[PDB]
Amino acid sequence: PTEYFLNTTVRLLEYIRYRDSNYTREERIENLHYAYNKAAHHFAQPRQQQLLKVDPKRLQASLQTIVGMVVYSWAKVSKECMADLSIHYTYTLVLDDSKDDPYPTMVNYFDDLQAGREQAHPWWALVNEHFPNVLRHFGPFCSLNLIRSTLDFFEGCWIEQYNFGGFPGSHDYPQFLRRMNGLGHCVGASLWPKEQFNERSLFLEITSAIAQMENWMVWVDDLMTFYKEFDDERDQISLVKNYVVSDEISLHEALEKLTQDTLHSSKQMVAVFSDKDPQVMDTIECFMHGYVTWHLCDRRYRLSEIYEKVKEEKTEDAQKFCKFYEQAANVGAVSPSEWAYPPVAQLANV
């Protein structure tokens, strides 16, 4: 139950100069609801309901976690794009749980794909059918990136089902699996809707953004999830844990490795895009801040179970952790009753 967690979290939030200041509560709510309403109606359709084998209460919690993530981090894109992006990332989160074996349904993947026959795996049947709604917002390059990262993600879940953290000595396994399930190219590429950006004019900055952001985004997530993980770890295989197993090092050394990579990633993100196209910098900035805001507020990450355990200290660490947590919750803490309604299950019947 290491409380060192506060130590690392602090220096990061400071370094990136975490402030957020994206949206006005009014705007946040407008977007949260818009995104949720379109996604909710989508998943409530009979076809989605039948092929997407997932516990209702679970689907509902997932959709709300995602709509928040998207709306909070893709702050500069249109409402429609947030909605469609919310549907795609909800599909990925749903899969993130399934314990069903993909093997039998992936045996004719390519032949069915090449022939244009519905994929055997229900998830693929749904994700592919819906994909054009996400791709219509982007140019061919970004679209390719979204397609690939989702394909990688699928493989990542496959591997995860084996709850394998790597052979001891397999130094390369940890990050390999992380990139495989991190959706980094999907995320970093969906940040550039053709409606506001030209892939050909910003090809280099977009490509660079996809490269640098892939690691920032996943590492920052592994760091924010270090609590929710170790706490009630259900035989988890997070990056940090796999670093321990595969690199034969303490859970402290591993955590210190992640934190260092994260601090460096943040440093370089700034030194590179700081002086480039201001509109690119603004999107990257809004993502970083909104992404941190989302992590601190979404319940799923049980970060409250920490604030209510250190609000008493006033030093450097645990002192500012509450100073930041305060900031975030003041713009990011919004009651679900203000946007997430009605529940998916309700629209499903009727």
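Position 1 is the first residue in the sequence shown; the rest follow in order.
*Asks:* Averaging CA B factors per stretch from the PDB record, which one is higher: 196-204 or 237-245?
*Replies:* Of 237-245 and 196-204, the stretch with the higher C-alpha B-factor average is 237-245.
*Asks:* Should the higher mean CA B-factor in the entry be assigned to 149-157 or to 268-276?
*Replies:* Comparing averages over the C-alpha atoms only gives 268-276.
*Asks:* Looking at 37, 319, 49, 60, which has the highest Cα B-factor in the entry?
*Replies:* If I rank 37, 319, 49, 60 by C-alpha B-factor, first place goes to 319.
*Asks:* Whose C-alpha has the highest temperature factor in the PDB entry: 33, 289, 41, 299?
*Replies:* Top of the list by C-alpha B-factor: 299.
*Asks:* Sorting the chain's modelled residues by C-alpha B-factor, tell me whether residue 69 ends up in the lowest, middle or highest third.
*Replies:* Ranked within chain, residue 69 CA B lands in the lowest tercile.
*Asks:* Relative to the other modelled residues in the chain, which third contains the C-alpha temperature factor of residue 226: lowest, middle or highest?
*Replies:* For residue 226, whose C-alpha B-factor we compare with every modelled residue in the chain, the answer is the highest third.
*Asks:* Thinking about Cα B factors across the chain, which third does residue 250 belong to?
*Replies:* It falls in the top third of the chain.
*Asks:* Could you look up the Cα B-factor of residue 111 in the entry and say which third of the chain it sits in: lowest, middle or highest?
*Replies:* Residue 111: CA B-factor falls in the lowest third of its chain.
*Asks:* Residue 15's Cα B-factor: lowest, middle or highest third of the chain?
*Replies:* Its C-alpha B-factor, which the entry lists for residue 15, ranks in the highest third among residues of this chain.
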